[PDB]
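The file structure-v1.cif contains mmCIF, N, CA and C atoms:
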```cif
data_input
loop_
_atom_site.group_PDB
_atom_site.id
_atom_site.type_symbol
_atom_site.label_atom_id
_atom_site.label_comp_id
_atom_site.auth_asym_id
_atom_site.auth_seq_id
_atom_site.Cartn_x
_atom_site.Cartn_y
_atom_site.Cartn_z
ATOM 1 N N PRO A 1 120.181 108.743 91.633
ATOM 2 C CA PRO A 1 118.939 109.429 92.022
ATOM 3 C C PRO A 1 117.694 108.526 91.992
ATOM 4 N N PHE A 2 117.035 108.298 93.126
ATOM 5 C CA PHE A 2 115.787 107.524 93.134
ATOM 6 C C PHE A 2 114.599 108.491 92.960
ATOM 7 N N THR A 3 113.786 108.314 91.911
ATOM 8 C CA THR A 3 112.564 109.120 91.700
ATOM 9 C C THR A 3 111.388 108.798 92.634
ATOM 10 N N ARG A 4 110.349 109.631 92.587
ATOM 11 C CA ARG A 4 109.159 109.349 93.384
ATOM 12 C C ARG A 4 108.552 107.992 93.062
ATOM 13 N N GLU A 5 108.367 107.699 91.778
ATOM 14 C CA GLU A 5 107.904 106.372 91.382
ATOM 15 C C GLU A 5 108.836 105.274 91.904
ATOM 16 N N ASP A 6 110.147 105.451 91.756
ATOM 17 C CA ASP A 6 111.131 104.526 92.317
ATOM 18 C C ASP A 6 110.830 104.225 93.783
ATOM 19 N N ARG A 7 110.582 105.273 94.561
ATOM 20 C CA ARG A 7 110.375 105.146 96.000
ATOM 21 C C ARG A 7 109.040 104.499 96.380
ATOM 22 N N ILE A 8 107.966 104.850 95.678
ATOM 23 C CA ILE A 8 106.684 104.166 95.838
ATOM 24 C C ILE A 8 106.873 102.683 95.565
ATOM 25 N N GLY A 9 107.624 102.364 94.518
ATOM 26 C CA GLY A 9 107.905 100.966 94.165
ATOM 27 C C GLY A 9 108.649 100.169 95.225
ATOM 28 N N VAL A 10 109.706 100.750 95.785
ATOM 29 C CA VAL A 10 110.427 100.126 96.890
ATOM 30 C C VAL A 10 109.561 99.989 98.144
ATOM 31 N N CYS A 11 108.886 101.064 98.549
ATOM 32 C CA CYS A 11 107.991 101.012 99.703
ATOM 33 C C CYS A 11 106.877 99.957 99.553
ATOM 34 N N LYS A 12 106.292 99.812 98.364
ATOM 35 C CA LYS A 12 105.317 98.751 98.107
ATOM 36 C C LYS A 12 105.898 97.360 98.374
ATOM 37 N N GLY A 13 107.132 97.137 97.932
ATOM 38 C CA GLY A 13 107.840 95.869 98.115
ATOM 39 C C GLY A 13 108.205 95.599 99.569
ATOM 40 N N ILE A 14 108.450 96.639 100.363
ATOM 41 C CA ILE A 14 108.686 96.470 101.812
ATOM 42 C C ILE A 14 107.451 95.911 102.530
ATOM 43 N N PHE A 15 106.289 96.384 102.113
ATOM 44 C CA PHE A 15 105.037 96.079 102.754
ATOM 45 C C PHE A 15 104.183 95.061 101.967
ATOM 46 N N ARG A 16 104.821 94.270 101.113
ATOM 47 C CA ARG A 16 104.139 93.374 100.165
ATOM 48 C C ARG A 16 103.316 92.292 100.866
ATOM 49 N N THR A 17 103.917 91.695 101.886
ATOM 50 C CA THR A 17 103.258 90.658 102.674
ATOM 51 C C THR A 17 102.291 91.215 103.719
ATOM 52 N N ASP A 18 102.218 92.544 103.848
ATOM 53 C CA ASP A 18 101.308 93.200 104.809
ATOM 54 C C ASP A 18 100.069 93.567 104.002
ATOM 55 N N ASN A 19 99.003 94.116 104.567
ATOM 56 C CA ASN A 19 97.843 94.221 103.657
ATOM 57 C C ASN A 19 97.532 95.654 103.218
ATOM 58 N N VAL A 20 98.570 96.386 102.818
ATOM 59 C CA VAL A 20 98.497 97.840 102.667
ATOM 60 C C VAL A 20 98.068 98.240 101.275
ATOM 61 N N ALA A 21 96.917 98.908 101.230
ATOM 62 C CA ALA A 21 96.406 99.567 100.043
ATOM 63 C C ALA A 21 97.470 100.424 99.348
ATOM 64 N N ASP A 22 97.435 100.448 98.024
ATOM 65 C CA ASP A 22 98.381 101.250 97.239
ATOM 66 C C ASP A 22 98.328 102.744 97.593
ATOM 67 N N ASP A 23 97.114 103.272 97.783
ATOM 68 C CA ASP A 23 96.901 104.673 98.156
ATOM 69 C C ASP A 23 97.601 104.991 99.481
ATOM 70 N N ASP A 24 97.704 104.011 100.375
ATOM 71 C CA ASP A 24 98.292 104.255 101.697
ATOM 72 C C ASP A 24 99.823 104.269 101.625
ATOM 73 N N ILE A 25 100.397 103.419 100.777
ATOM 74 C CA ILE A 25 101.826 103.466 100.471
ATOM 75 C C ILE A 25 102.183 104.832 99.853
ATOM 76 N N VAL A 26 101.373 105.290 98.913
ATOM 77 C CA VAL A 26 101.592 106.619 98.351
ATOM 78 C C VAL A 26 101.615 107.721 99.415
ATOM 79 N N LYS A 27 100.603 107.753 100.282
ATOM 80 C CA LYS A 27 100.514 108.736 101.355
ATOM 81 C C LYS A 27 101.751 108.682 102.249
ATOM 82 N N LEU A 28 102.171 107.452 102.557
ATOM 83 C CA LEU A 28 103.356 107.234 103.380
ATOM 84 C C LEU A 28 104.589 107.891 102.753
ATOM 85 N N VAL A 29 104.843 107.602 101.479
ATOM 86 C CA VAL A 29 105.996 108.151 100.807
ATOM 87 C C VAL A 29 105.909 109.677 100.731
ATOM 88 N N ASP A 30 104.732 110.201 100.384
ATOM 89 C CA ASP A 30 104.579 111.646 100.158
ATOM 90 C C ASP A 30 104.711 112.417 101.493
ATOM 91 N N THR A 31 104.537 111.714 102.622
ATOM 92 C CA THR A 31 104.564 112.334 103.970
ATOM 93 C C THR A 31 106.009 112.496 104.471
ATOM 94 N N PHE A 32 106.932 111.726 103.889
ATOM 95 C CA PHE A 32 108.330 111.569 104.317
ATOM 96 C C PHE A 32 109.219 111.720 103.088
ATOM 97 N N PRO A 33 109.038 112.872 102.381
ATOM 98 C CA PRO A 33 109.675 112.980 101.079
ATOM 99 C C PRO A 33 111.211 113.073 101.164
ATOM 100 N N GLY A 34 111.765 113.504 102.304
ATOM 101 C CA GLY A 34 113.238 113.585 102.445
ATOM 102 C C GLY A 34 113.996 112.377 103.002
ATOM 103 N N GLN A 35 113.283 111.274 103.222
ATOM 104 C CA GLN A 35 113.863 110.119 103.902
ATOM 105 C C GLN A 35 114.376 109.093 102.893
ATOM 106 N N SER A 36 115.468 108.396 103.220
ATOM 107 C CA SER A 36 115.985 107.296 102.393
ATOM 108 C C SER A 36 115.020 106.111 102.282
ATOM 109 N N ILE A 37 115.294 105.190 101.356
ATOM 110 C CA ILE A 37 114.628 103.870 101.332
ATOM 111 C C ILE A 37 114.855 103.074 102.609
ATOM 112 N N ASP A 38 116.037 103.225 103.196
ATOM 113 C CA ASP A 38 116.294 102.554 104.472
ATOM 114 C C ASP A 38 115.221 102.942 105.510
ATOM 115 N N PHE A 39 114.653 104.149 105.390
ATOM 116 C CA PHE A 39 113.680 104.673 106.336
ATOM 117 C C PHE A 39 112.461 103.793 106.403
ATOM 118 N N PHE A 40 111.926 103.410 105.245
ATOM 119 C CA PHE A 40 110.672 102.660 105.264
ATOM 120 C C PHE A 40 110.899 101.206 105.745
ATOM 121 N N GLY A 41 112.091 100.676 105.549
ATOM 122 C CA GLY A 41 112.457 99.372 106.148
ATOM 123 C C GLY A 41 112.559 99.446 107.659
ATOM 124 N N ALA A 42 113.215 100.483 108.177
ATOM 125 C CA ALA A 42 113.256 100.753 109.637
ATOM 126 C C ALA A 42 111.884 100.968 110.268
ATOM 127 N N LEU A 43 110.985 101.594 109.515
ATOM 128 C CA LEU A 43 109.655 101.812 110.005
ATOM 129 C C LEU A 43 108.980 100.447 110.177
ATOM 130 N N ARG A 44 108.961 99.624 109.134
ATOM 131 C CA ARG A 44 108.339 98.298 109.269
ATOM 132 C C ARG A 44 108.961 97.497 110.385
ATOM 133 N N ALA A 45 110.284 97.494 110.502
ATOM 134 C CA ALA A 45 110.975 96.690 111.505
ATOM 135 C C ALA A 45 110.589 97.172 112.910
ATOM 136 N N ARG A 46 110.316 98.466 113.063
ATOM 137 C CA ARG A 46 109.922 98.997 114.359
ATOM 138 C C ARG A 46 108.517 98.554 114.772
ATOM 139 N N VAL A 47 107.585 98.495 113.816
ATOM 140 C CA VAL A 47 106.245 98.074 114.083
ATOM 141 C C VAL A 47 106.328 96.532 114.446
ATOM 142 N N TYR A 48 107.141 95.771 113.738
ATOM 143 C CA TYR A 48 107.194 94.325 114.067
ATOM 144 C C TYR A 48 107.881 94.047 115.395
ATOM 145 N N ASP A 49 108.948 94.781 115.690
ATOM 146 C CA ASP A 49 109.553 94.779 117.031
ATOM 147 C C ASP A 49 108.508 94.842 118.153
ATOM 148 N N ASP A 50 107.713 95.899 118.126
ATOM 149 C CA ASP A 50 106.581 96.054 119.034
ATOM 150 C C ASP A 50 105.592 94.900 119.066
ATOM 151 N N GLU A 51 105.187 94.451 117.890
ATOM 152 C CA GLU A 51 104.199 93.401 117.797
ATOM 153 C C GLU A 51 104.724 92.060 118.330
ATOM 154 N N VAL A 52 105.980 91.769 118.052
ATOM 155 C CA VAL A 52 106.592 90.515 118.492
ATOM 156 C C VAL A 52 106.691 90.552 120.008
ATOM 157 N N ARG A 53 107.097 91.701 120.587
ATOM 158 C CA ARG A 53 107.183 91.798 122.031
ATOM 159 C C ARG A 53 105.835 91.583 122.698
ATOM 160 N N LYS A 54 104.753 92.096 122.114
ATOM 161 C CA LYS A 54 103.471 91.777 122.635
ATOM 162 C C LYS A 54 103.176 90.286 122.584
ATOM 163 N N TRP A 55 103.452 89.687 121.442
ATOM 164 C CA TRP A 55 103.207 88.281 121.268
ATOM 165 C C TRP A 55 103.985 87.398 122.249
ATOM 166 N N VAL A 56 105.225 87.752 122.552
ATOM 167 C CA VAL A 56 105.954 87.019 123.579
ATOM 168 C C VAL A 56 105.175 86.918 124.893
ATOM 169 N N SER A 57 104.638 88.024 125.329
ATOM 170 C CA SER A 57 103.855 88.136 126.558
ATOM 171 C C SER A 57 102.574 87.357 126.471
ATOM 172 N N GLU A 58 101.906 87.442 125.323
ATOM 173 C CA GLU A 58 100.721 86.613 125.017
ATOM 174 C C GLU A 58 101.000 85.109 125.181
ATOM 175 N N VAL A 59 102.105 84.641 124.604
ATOM 176 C CA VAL A 59 102.445 83.220 124.586
ATOM 177 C C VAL A 59 102.736 82.850 126.032
ATOM 178 N N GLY A 60 103.504 83.703 126.720
ATOM 179 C CA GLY A 60 103.779 83.425 128.131
ATOM 180 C C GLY A 60 102.617 83.229 129.053
ATOM 181 N N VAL A 61 101.639 84.102 128.964
ATOM 182 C CA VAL A 61 100.418 84.053 129.762
ATOM 183 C C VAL A 61 99.637 82.773 129.350
ATOM 184 N N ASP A 62 99.589 82.520 128.051
ATOM 185 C CA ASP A 62 98.783 81.382 127.561
ATOM 186 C C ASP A 62 99.408 80.062 128.076
ATOM 187 N N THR A 63 100.731 79.969 128.004
ATOM 188 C CA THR A 63 101.483 78.815 128.467
ATOM 189 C C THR A 63 101.327 78.575 129.952
ATOM 190 N N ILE A 64 101.375 79.633 130.762
ATOM 191 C CA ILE A 64 101.148 79.491 132.194
ATOM 192 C C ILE A 64 99.762 78.964 132.494
ATOM 193 N N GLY A 65 98.787 79.499 131.763
ATOM 194 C CA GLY A 65 97.420 79.032 131.870
ATOM 195 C C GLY A 65 97.243 77.571 131.466
ATOM 196 N N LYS A 66 97.873 77.170 130.362
ATOM 197 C CA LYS A 66 97.808 75.728 129.958
ATOM 198 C C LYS A 66 98.433 74.735 130.915
ATOM 199 N N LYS A 67 99.551 75.099 131.538
ATOM 200 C CA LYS A 67 100.153 74.264 132.566
ATOM 201 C C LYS A 67 99.225 73.990 133.766
ATOM 202 N N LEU A 68 98.401 74.948 134.179
ATOM 203 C CA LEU A 68 97.444 74.683 135.268
ATOM 204 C C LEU A 68 96.374 73.619 134.999
ATOM 205 N N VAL A 69 95.965 73.432 133.743
ATOM 206 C CA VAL A 69 94.972 72.431 133.366
ATOM 207 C C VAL A 69 95.571 71.273 132.536
ATOM 208 N N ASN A 70 96.886 71.065 132.704
ATOM 209 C CA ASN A 70 97.694 70.148 131.896
ATOM 210 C C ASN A 70 97.311 70.065 130.402
ATOM 211 N N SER A 71 97.168 71.208 129.740
ATOM 212 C CA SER A 71 96.738 71.225 128.352
ATOM 213 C C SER A 71 97.946 71.051 127.450
ATOM 214 N N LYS A 72 97.766 70.273 126.389
ATOM 215 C CA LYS A 72 98.837 69.926 125.464
ATOM 216 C C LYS A 72 98.696 70.731 124.166
ATOM 217 N N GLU A 73 97.688 71.595 124.090
ATOM 218 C CA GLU A 73 97.517 72.416 122.902
ATOM 219 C C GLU A 73 98.687 73.418 122.815
ATOM 220 N N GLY A 74 99.048 73.755 121.580
ATOM 221 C CA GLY A 74 100.250 74.556 121.368
ATOM 222 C C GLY A 74 99.951 76.008 121.637
ATOM 223 N N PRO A 75 101.005 76.847 121.560
ATOM 224 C CA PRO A 75 100.837 78.272 121.766
ATOM 225 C C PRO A 75 100.087 78.962 120.621
ATOM 226 N N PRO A 76 99.537 80.146 120.896
ATOM 227 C CA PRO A 76 98.992 80.966 119.810
ATOM 228 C C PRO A 76 100.057 81.434 118.788
ATOM 229 N N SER A 77 99.678 81.444 117.509
ATOM 230 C CA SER A 77 100.530 81.825 116.401
ATOM 231 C C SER A 77 100.635 83.343 116.379
ATOM 232 N N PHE A 78 101.786 83.826 115.921
ATOM 233 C CA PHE A 78 101.981 85.262 115.721
ATOM 234 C C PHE A 78 100.980 85.722 114.667
ATOM 235 N N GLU A 79 100.274 86.824 114.908
ATOM 236 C CA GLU A 79 99.361 87.387 113.911
ATOM 237 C C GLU A 79 99.968 88.678 113.361
ATOM 238 N N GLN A 80 99.904 88.821 112.052
ATOM 239 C CA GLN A 80 100.421 90.052 111.458
ATOM 240 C C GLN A 80 99.781 91.317 112.043
ATOM 241 N N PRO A 81 100.601 92.322 112.308
ATOM 242 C CA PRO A 81 100.137 93.653 112.691
ATOM 243 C C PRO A 81 99.174 94.170 111.617
ATOM 244 N N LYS A 82 98.086 94.818 112.026
ATOM 245 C CA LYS A 82 97.178 95.478 111.079
ATOM 246 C C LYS A 82 97.791 96.847 110.716
ATOM 247 N N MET A 83 98.333 96.962 109.513
ATOM 248 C CA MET A 83 99.150 98.136 109.188
ATOM 249 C C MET A 83 98.337 99.283 108.607
ATOM 250 N N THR A 84 97.591 100.002 109.442
ATOM 251 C CA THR A 84 96.759 101.104 109.000
ATOM 252 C C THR A 84 97.612 102.358 108.762
ATOM 253 N N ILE A 85 97.088 103.286 107.980
ATOM 254 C CA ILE A 85 97.848 104.480 107.583
ATOM 255 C C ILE A 85 98.274 105.345 108.774
ATOM 256 N N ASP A 86 97.340 105.596 109.673
ATOM 257 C CA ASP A 86 97.564 106.429 110.862
ATOM 258 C C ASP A 86 98.689 105.874 111.815
ATOM 259 N N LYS A 87 98.693 104.556 111.923
ATOM 260 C CA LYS A 87 99.732 103.868 112.645
ATOM 261 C C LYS A 87 101.063 103.980 111.960
ATOM 262 N N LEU A 88 101.088 103.768 110.640
ATOM 263 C CA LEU A 88 102.326 103.864 109.885
ATOM 264 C C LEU A 88 102.923 105.283 109.942
ATOM 265 N N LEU A 89 102.037 106.259 109.881
ATOM 266 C CA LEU A 89 102.459 107.669 109.933
ATOM 267 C C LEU A 89 103.034 108.014 111.337
ATOM 268 N N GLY A 90 102.414 107.446 112.370
ATOM 269 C CA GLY A 90 102.859 107.593 113.763
ATOM 270 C C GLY A 90 104.255 107.036 113.942
ATOM 271 N N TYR A 91 104.452 105.769 113.579
ATOM 272 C CA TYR A 91 105.795 105.157 113.653
ATOM 273 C C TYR A 91 106.803 106.004 112.876
ATOM 274 N N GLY A 92 106.439 106.420 111.670
ATOM 275 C CA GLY A 92 107.276 107.327 110.871
ATOM 276 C C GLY A 92 107.636 108.611 111.590
ATOM 277 N N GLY A 93 106.646 109.182 112.258
ATOM 278 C CA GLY A 93 106.878 110.380 113.074
ATOM 279 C C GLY A 93 107.727 110.134 114.307
ATOM 280 N N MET A 94 107.695 108.934 114.857
ATOM 281 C CA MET A 94 108.598 108.622 115.958
ATOM 282 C C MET A 94 110.037 108.545 115.490
ATOM 283 N N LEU A 95 110.253 107.887 114.355
ATOM 284 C CA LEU A 95 111.576 107.766 113.746
ATOM 285 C C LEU A 95 112.225 109.085 113.329
ATOM 286 N N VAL A 96 111.425 110.031 112.868
ATOM 287 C CA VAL A 96 112.025 111.300 112.586
ATOM 288 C C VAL A 96 112.528 112.134 113.781
ATOM 289 N N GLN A 97 112.094 111.937 115.016
ATOM 290 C CA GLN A 97 112.541 112.836 116.113
ATOM 291 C C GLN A 97 114.047 112.907 116.502
ATOM 292 N N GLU A 98 114.794 111.805 116.359
ATOM 293 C CA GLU A 98 116.292 111.825 116.318
ATOM 294 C C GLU A 98 116.898 112.839 115.297
ATOM 295 N N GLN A 99 116.273 112.933 114.131
ATOM 296 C CA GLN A 99 116.806 113.722 113.048
ATOM 297 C C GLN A 99 116.386 115.202 113.180
#
```

As structure tokens:
Amino acid sequence: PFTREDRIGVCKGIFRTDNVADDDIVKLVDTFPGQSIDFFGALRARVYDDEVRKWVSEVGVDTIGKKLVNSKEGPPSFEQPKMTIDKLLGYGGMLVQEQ
């Protein structure tokens, strides 16, 4: 049996490298009280999936532009998604519709 504190603790560790306030992790867990720990990992992976796909397109456009002016500067670096509560709750709500 994983307790509420247990789950807040795991969810905090999923989002450790992201910049998420403790209060927002709490709200996230309390909003999805019936979901496994696997749920919050799937949620993060879904937000990064999206963000990486955007970045691919960004790098592509930038690279095409650099080739026209023979620029040797490298591509733009991936920037972390800004993980706001409303966005996290949205992704969470998308994941629940299968269930």

Might you pull out every residue within 8 Å of range 91-97 of chain A, with all atoms listed in the file counted and same-chain residues fewer than 4 positions away left off, and present them as a PDB file with N, CA and C atoms, keeping the file's coordinate frame?
```pdb
ATOM      1  N   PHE A  32     106.932 111.726 103.889  1.00  0.00           N
ATOM      2  CA  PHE A  32     108.330 111.569 104.317  1.00  0.00           C
ATOM      3  C   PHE A  32     109.219 111.720 103.088  1.00  0.00           C
ATOM      4  N   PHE A  39     114.653 104.149 105.390  1.00  0.00           N
ATOM      5  CA  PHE A  39     113.680 104.673 106.336  1.00  0.00           C
ATOM      6  C   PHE A  39     112.461 103.793 106.403  1.00  0.00           C
ATOM      7  N   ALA A  42     113.215 100.483 108.177  1.00  0.00           N
ATOM      8  CA  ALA A  42     113.256 100.753 109.637  1.00  0.00           C
ATOM      9  C   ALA A  42     111.884 100.968 110.268  1.00  0.00           C
ATOM     10  N   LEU A  43     110.985 101.594 109.515  1.00  0.00           N
ATOM     11  CA  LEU A  43     109.655 101.812 110.005  1.00  0.00           C
ATOM     12  C   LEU A  43     108.980 100.447 110.177  1.00  0.00           C
ATOM     13  N   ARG A  44     108.961  99.624 109.134  1.00  0.00           N
ATOM     14  CA  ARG A  44     108.339  98.298 109.269  1.00  0.00           C
ATOM     15  C   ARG A  44     108.961  97.497 110.385  1.00  0.00           C
ATOM     16  N   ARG A  46     110.316  98.466 113.063  1.00  0.00           N
ATOM     17  CA  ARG A  46     109.922  98.997 114.359  1.00  0.00           C
ATOM     18  C   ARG A  46     108.517  98.554 114.772  1.00  0.00           C
ATOM     19  N   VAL A  47     107.585  98.495 113.816  1.00  0.00           N
ATOM     20  CA  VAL A  47     106.245  98.074 114.083  1.00  0.00           C
ATOM     21  C   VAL A  47     106.328  96.532 114.446  1.00  0.00           C
ATOM     22  N   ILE A  85      97.088 103.286 107.980  1.00  0.00           N
ATOM     23  CA  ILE A  85      97.848 104.480 107.583  1.00  0.00           C
ATOM     24  C   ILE A  85      98.274 105.345 108.774  1.00  0.00           C
ATOM     25  N   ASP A  86      97.340 105.596 109.673  1.00  0.00           N
ATOM     26  CA  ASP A  86      97.564 106.429 110.862  1.00  0.00           C
ATOM     27  C   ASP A  86      98.689 105.874 111.815  1.00  0.00           C
ATOM     28  N   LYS A  87      98.693 104.556 111.923  1.00  0.00           N
ATOM     29  CA  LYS A  87      99.732 103.868 112.645  1.00  0.00           C
ATOM     30  C   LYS A  87     101.063 103.980 111.960  1.00  0.00           C
TER      31      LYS A  87
END
```

| task | Apply the PyMOL selection byres ((chain A and resi 11) around 8) to the file shown and report the selected residues as a PyMOL selection string. | result | chain A and resi 5-10+12-16+25-26+29+37+40-41

| said: Just the number, please: distance in Å from atom C of residue 78 in chain A to atom N of residue 30 in chain A, one decimal. | reply: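 A separation of 28.6 Å between them.
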
| message | Let me make sure I understand: among A:31, A:45, A:77, A:83, which one has the smallest atom-to-atom distance to residue 59 in chain A if we use only N, CA and C atoms? | response | A:77

| Per DSSP on the backbone, what are the alpha helix (DSSP H) residues of chain A, as a PyMOL selection string? | chain A and resi 4-14+22-31+37-68+85-96

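One finds CA of residue 62 in chain A at 7.8 Å from CA of residue 76 in chain A.
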
Filled-in N, CA, C and O atoms of range 47-62 of chain A, supplied as an mmCIF file, in the coordinates of the input:
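Dumped everything to rebuild.cif:
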```cif
data_model
loop_
_atom_site.group_PDB
_atom_site.id
_atom_site.type_symbol
_atom_site.label_atom_id
_atom_site.label_comp_id
_atom_site.auth_asym_id
_atom_site.auth_seq_id
_atom_site.Cartn_x
_atom_site.Cartn_y
_atom_site.Cartn_z
ATOM 1 N N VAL A 47 107.585 98.495 113.816
ATOM 2 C CA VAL A 47 106.245 98.074 114.083
ATOM 3 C C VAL A 47 106.328 96.532 114.446
ATOM 4 O O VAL A 47 105.709 96.100 115.413
ATOM 5 N N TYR A 48 107.141 95.771 113.738
ATOM 6 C CA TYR A 48 107.194 94.325 114.067
ATOM 7 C C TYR A 48 107.881 94.047 115.395
ATOM 8 O O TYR A 48 107.453 93.135 116.133
ATOM 9 N N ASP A 49 108.948 94.781 115.690
ATOM 10 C CA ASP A 49 109.553 94.779 117.031
ATOM 11 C C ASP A 49 108.508 94.842 118.153
ATOM 12 O O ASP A 49 108.444 93.974 119.065
ATOM 13 N N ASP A 50 107.713 95.899 118.126
ATOM 14 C CA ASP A 50 106.581 96.054 119.034
ATOM 15 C C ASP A 50 105.592 94.900 119.066
ATOM 16 O O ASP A 50 105.164 94.438 120.150
ATOM 17 N N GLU A 51 105.187 94.451 117.890
ATOM 18 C CA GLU A 51 104.199 93.401 117.797
ATOM 19 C C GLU A 51 104.724 92.060 118.330
ATOM 20 O O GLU A 51 104.009 91.351 119.015
ATOM 21 N N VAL A 52 105.980 91.769 118.052
ATOM 22 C CA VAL A 52 106.592 90.515 118.492
ATOM 23 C C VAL A 52 106.691 90.552 120.008
ATOM 24 O O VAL A 52 106.430 89.550 120.699
ATOM 25 N N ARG A 53 107.097 91.701 120.587
ATOM 26 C CA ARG A 53 107.183 91.798 122.031
ATOM 27 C C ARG A 53 105.835 91.583 122.698
ATOM 28 O O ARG A 53 105.743 90.822 123.700
ATOM 29 N N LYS A 54 104.753 92.096 122.114
ATOM 30 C CA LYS A 54 103.471 91.777 122.635
ATOM 31 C C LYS A 54 103.176 90.286 122.584
ATOM 32 O O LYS A 54 102.502 89.738 123.473
ATOM 33 N N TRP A 55 103.452 89.687 121.442
ATOM 34 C CA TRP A 55 103.207 88.281 121.268
ATOM 35 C C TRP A 55 103.985 87.398 122.249
ATOM 36 O O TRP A 55 103.458 86.418 122.776
ATOM 37 N N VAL A 56 105.225 87.752 122.552
ATOM 38 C CA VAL A 56 105.954 87.019 123.579
ATOM 39 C C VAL A 56 105.175 86.918 124.893
ATOM 40 O O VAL A 56 105.049 85.816 125.503
ATOM 41 N N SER A 57 104.638 88.024 125.329
ATOM 42 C CA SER A 57 103.855 88.136 126.558
ATOM 43 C C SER A 57 102.574 87.357 126.471
ATOM 44 O O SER A 57 102.270 86.671 127.418
ATOM 45 N N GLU A 58 101.906 87.442 125.323
ATOM 46 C CA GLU A 58 100.721 86.613 125.017
ATOM 47 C C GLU A 58 101.000 85.109 125.181
ATOM 48 O O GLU A 58 100.220 84.390 125.820
ATOM 49 N N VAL A 59 102.105 84.641 124.604
ATOM 50 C CA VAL A 59 102.445 83.220 124.586
ATOM 51 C C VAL A 59 102.736 82.850 126.032
ATOM 52 O O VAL A 59 102.468 81.734 126.541
ATOM 53 N N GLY A 60 103.504 83.703 126.720
ATOM 54 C CA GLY A 60 103.779 83.425 128.131
ATOM 55 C C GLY A 60 102.617 83.229 129.053
ATOM 56 O O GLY A 60 102.540 82.222 129.766
ATOM 57 N N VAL A 61 101.639 84.102 128.964
ATOM 58 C CA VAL A 61 100.418 84.053 129.762
ATOM 59 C C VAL A 61 99.637 82.773 129.350
ATOM 60 O O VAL A 61 99.201 81.950 130.209
ATOM 61 N N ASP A 62 99.589 82.520 128.051
ATOM 62 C CA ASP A 62 98.783 81.382 127.561
ATOM 63 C C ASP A 62 99.408 80.062 128.076
ATOM 64 O O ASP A 62 98.716 79.115 128.451
#
```
